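Provided below as structure tokens are two forms of one protein chain, presented individually as structure 1 and structure 2.
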Structure 1
């Protein structure tokens, strides 16, 4: 018995036929890419006001520290499956310093797109399916994966004239890291502005661009924290609520249902395959 994957995490959700997932102000804690196994689905981004049709050759990229508002509805007469690959921070910082040379046009890209669509060529279909096939690959050295992912993200960015992988100087990254370092603390806007030794304009623009008040942002971060806790194997709802910084199981359940459109136990089952 050896270790689990330190660069990625792979998560699992069963989309029953014609069902609709609705995400309202969900905080993306790490760079994510997801795709469906078969059939097709209607993906409605309520941020950029755009509806797409995604197939098994599509991948959706979700930018770290974004606040997503979108829906996913199966269009096929089949029970389809959504696989979510999360790329952890160490791997992302490896990617940031991997591409040889200066990309002269990247200095002119914009950061305004948080949800990017890429219709895969056969090579990328292969590589991604092999990454998520098992819990190890080992046929795939992490250096091969660094090269692959740096190239893939560059391709997507060029497709959209936008920055996917930001630097770590980003103000939203600082806010998120600070909140997550003490998730149970009763943070207030002034505390974060003071500890981040940054004025309230620089920081409040991060809230306005994502369309969230401060309390909404704290709640979204805590919901994503609770989901990460459920990833780690913690399954007691009371512990999940308290460790994520919520005052009560009832308030945590209310916020979780408002954000993910399912109760914490329902998400638990969709992730676990194990009902009570």
Structure 2
């Protein structure tokens, strides 16, 4: 299949009673995921908290976040996890179109990296309906453009929290810097220099997510390698080398230490 634009649709088969563990996976863009049928359990490993998501539940993973969570099937049916990615072009468009200004903002919900909402059952119907049609030339892109223009506007003023921030974030600068030269052997001095800062906002943004400097770079390269596997055709050796890993062994180790699957197994989950 071809690529996409402002919205990335990726559906995965949830093997009944299989655990989907994620250890420090980098979330490059905003992502929401929900199950089409059945039920499942969501376990966040950072905060010792569990959840029971249903077909009416939706989960948000914020951009530039380091996630440590797990998802486990609780249904006899091969559940169909739909993961939708929201790129920056819709983020800047959504942030402007909303002319509202919150008088009291729940800063706890703004600092959290894994939100959970139970949508109106009417919205779940519109959810899987438009997703099953994607995509058309700037035609299906506008169908989800209008849906999330009202869904996010509703949930933001309902919870009195900004869930999709605009730009200007220290993690966005580090991420786009490393991705501008993914194969470069980035060190600490290269990040501080081209960002015109020192280890005050730097180490804190690493300690706030519980990752070393090397751990962050590896997780950025994992998600970059995943975006290459999304095309459909690519040998693991090229994916490892074009993502910045010196050897296929260290790429497979970090990938399995991040996705809890072999890199070839994720290629089978796609096709």
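Definition used throughout: the rigid core is the maximal C-alpha set that superposes within 1.5 Å between two forms. Residue numbers count along the first chain shown, from 1.
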Inset, instruction - Using the rigid core as the fixed frame, list which single one of 181, 186, 107, 119 shifts its Cα by at least 2 angstroms between structure 1 and structure 2. - result: 107
Inset, instruction - Classify residue 170 as shifted (yes) or not shifted (no) between structure 1 and structure 2, where shifted means its C-alpha moves by 2 Å or more with the rigid core superposed. - result: no
Legend entry - After fitting the core, residue 156 CA displacement of 2 Å or more between structure 1 and structure 2: yes
Inset, instruction - Inspect the rigid-core superposition and answer whether the C-alpha of residue 71 shifts by 2 angstroms or more between structure 1 and structure 2. - result: no
Legend entry - Value in Å for the CA shift of residue 16 between structure 1 and structure 2, taken after the core is superposed: 1.1
Legend entry - Core-aligned Cα shift of residue 131 between structure 1 and structure 2, given in Å: 3.0
Inset, instruction - Quote the shift of the Cα of residue 234 between structure 1 and structure 2 to one decimal place in Å, the two forms being superposed on the rigid core. - result: 4.0
